[PDB]
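Please read the structure below before turning to the comments.
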Amino acid sequence: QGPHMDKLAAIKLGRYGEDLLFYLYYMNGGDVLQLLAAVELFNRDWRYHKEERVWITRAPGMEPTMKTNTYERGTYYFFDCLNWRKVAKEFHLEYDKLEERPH
Amino acid sequence: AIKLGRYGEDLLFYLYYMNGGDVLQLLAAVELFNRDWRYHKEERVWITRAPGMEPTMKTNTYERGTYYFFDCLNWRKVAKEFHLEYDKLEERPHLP
């Protein structure tokens, strides 16, 4: 790091002006992208579970075995960001544990 | 504002989990510091000397003068006279 990271930062940002630097320090790009991604994910029937802290969605071609006004049982895909994959699991889904539509 | 509906699911998760903004944030900080900007922890703002403006007061623990402040709310560089205590300025950025 140190002088090496100095060099990396210099190669990447050396030619640009202070305005880009601040744009990056306050993560204006990243934060928005993350938001736009959330919106689209939501559009594609992905819901974010608060406790499980992952994106989940009903396995297409499978309706919930049991359903009510507060919860539902069934098979859902869970996104594992650590291994960059999608895994299916029978799960007890409680609606109140889902974030609302982004934005 | 953008039309993401056309791209792969994998790209969406990439944008959500792995856009790399955090890394660019660190590099930005390193670059700011290397261009003589300092970050004031309490004021929560990046600061740099205004050119042609020597400090009015100068002691071994602080100085007073006019400096540039980047106002991230109004998104503009702003000049302000300020009492600057050195030990309130963060050291050069490093890995967390």
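Ligands are numbered from 1 in the order shown, chains are lettered A, B, ... in the order of the structure tokens, and residues start at 1 in each chain.
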Handout entry: Shell around segment 47-64 of chain A at 7 Å using only C-alpha atoms, local window under 6 positions removed, as number ranges by chain
Key = A: 72-79, 97-99
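If you take only C-alpha atoms and a cut-off of 8 Å, the residues of chain B that reach chain A are residues 2, 4, 5, 9, 12, 13, 15, 16, 17, 19, 20, 21, 22, 24, 25, 26, 27, 28, 29, 30, 31, 32, 34, 94 and 95 of chain B.
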Convert the current residue selection to file output with N, CA and C atoms, as a compact mmCIF listing (two decimals), in the first residue's frame.
```txt
# COMPACT_ATOMS: atom_id res chain seq x y z
N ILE B 2 -32.07 5.26 -15.80
CA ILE B 2 -31.50 4.38 -16.82
C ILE B 2 -32.37 3.14 -17.03
N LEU B 4 -32.39 -0.43 -17.02
CA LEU B 4 -31.69 -1.64 -16.60
C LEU B 4 -32.43 -2.91 -17.00
N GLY B 5 -33.67 -2.75 -17.44
CA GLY B 5 -34.52 -3.89 -17.77
C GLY B 5 -33.94 -4.84 -18.80
N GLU B 9 -29.45 -10.46 -14.74
CA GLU B 9 -29.62 -10.46 -13.29
C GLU B 9 -28.26 -10.28 -12.62
N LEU B 12 -27.12 -6.80 -12.22
CA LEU B 12 -27.85 -6.08 -11.19
C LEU B 12 -27.18 -6.28 -9.84
N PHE B 13 -26.92 -7.54 -9.50
CA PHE B 13 -26.29 -7.85 -8.22
C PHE B 13 -24.89 -7.28 -8.17
N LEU B 15 -24.02 -4.45 -9.56
CA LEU B 15 -24.23 -3.04 -9.26
C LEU B 15 -24.61 -2.82 -7.80
N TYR B 16 -25.30 -3.79 -7.21
CA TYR B 16 -25.77 -3.64 -5.84
C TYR B 16 -24.68 -3.97 -4.82
N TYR B 17 -23.91 -5.02 -5.08
CA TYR B 17 -22.94 -5.51 -4.10
C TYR B 17 -21.49 -5.16 -4.43
N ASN B 19 -20.09 -2.66 -6.99
CA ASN B 19 -19.84 -1.56 -7.91
C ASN B 19 -18.47 -0.90 -7.69
N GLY B 20 -17.85 -1.18 -6.55
CA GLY B 20 -16.50 -0.72 -6.29
C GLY B 20 -16.39 0.74 -5.88
N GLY B 21 -17.53 1.36 -5.58
CA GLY B 21 -17.54 2.74 -5.15
C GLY B 21 -16.67 2.94 -3.92
N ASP B 22 -16.74 1.99 -3.00
CA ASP B 22 -15.93 2.04 -1.78
C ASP B 22 -14.44 2.14 -2.09
N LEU B 24 -13.00 3.24 -4.97
CA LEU B 24 -12.79 4.55 -5.57
C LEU B 24 -12.87 5.66 -4.52
N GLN B 25 -13.66 5.43 -3.48
CA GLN B 25 -13.75 6.39 -2.39
C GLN B 25 -12.38 6.52 -1.73
N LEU B 26 -11.77 5.38 -1.43
CA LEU B 26 -10.46 5.37 -0.79
C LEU B 26 -9.41 6.04 -1.67
N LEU B 27 -9.40 5.69 -2.96
CA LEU B 27 -8.45 6.29 -3.89
C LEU B 27 -8.65 7.80 -3.98
N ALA B 28 -9.90 8.24 -3.95
CA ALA B 28 -10.20 9.67 -4.00
C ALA B 28 -9.59 10.37 -2.79
N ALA B 29 -9.76 9.77 -1.62
CA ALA B 29 -9.21 10.32 -0.38
C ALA B 29 -7.69 10.43 -0.47
N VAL B 30 -7.05 9.36 -0.93
CA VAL B 30 -5.60 9.35 -1.07
C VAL B 30 -5.15 10.48 -1.98
N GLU B 31 -5.87 10.67 -3.08
CA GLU B 31 -5.52 11.70 -4.05
C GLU B 31 -5.73 13.10 -3.48
N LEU B 32 -6.87 13.31 -2.81
CA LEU B 32 -7.14 14.59 -2.17
C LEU B 32 -6.01 14.95 -1.21
N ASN B 34 -3.00 13.89 -1.23
CA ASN B 34 -1.76 14.11 -1.96
C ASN B 34 -1.76 15.43 -2.73
N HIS B 94 -5.27 5.52 4.81
CA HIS B 94 -4.64 4.21 4.78
C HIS B 94 -5.73 3.15 4.72
N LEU B 95 -5.32 1.90 4.55
CA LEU B 95 -6.28 0.80 4.46
C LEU B 95 -7.02 0.58 5.78
```
Problem - Coordinates-based distance that separates atom CA of residue 89 of chain B from atom CA of residue 49 of chain B (Å, one decimal) - result: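 Between atom CA of residue 49 of chain B and atom CA of residue 89 of chain B the gap is 13.2 Å.
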Practice task
Might you pull out every residue within 10 Å of segment 69-84 of chain B, with only C-alpha atoms counted and same-chain residues fewer than 3 positions away left off, and present them as a VMD selection string?
Solution key: (chain A and resid 18 to 19 22 to 23 26) or (chain B and resid 37 to 40 43 to 50 55 to 58 61 to 66 87 to 89)
Problem - Picked from chain A by DSSP as alpha helix (DSSP H), as a VMD selection string - result: chain A and resid 3 to 13 18 to 25 28 to 43
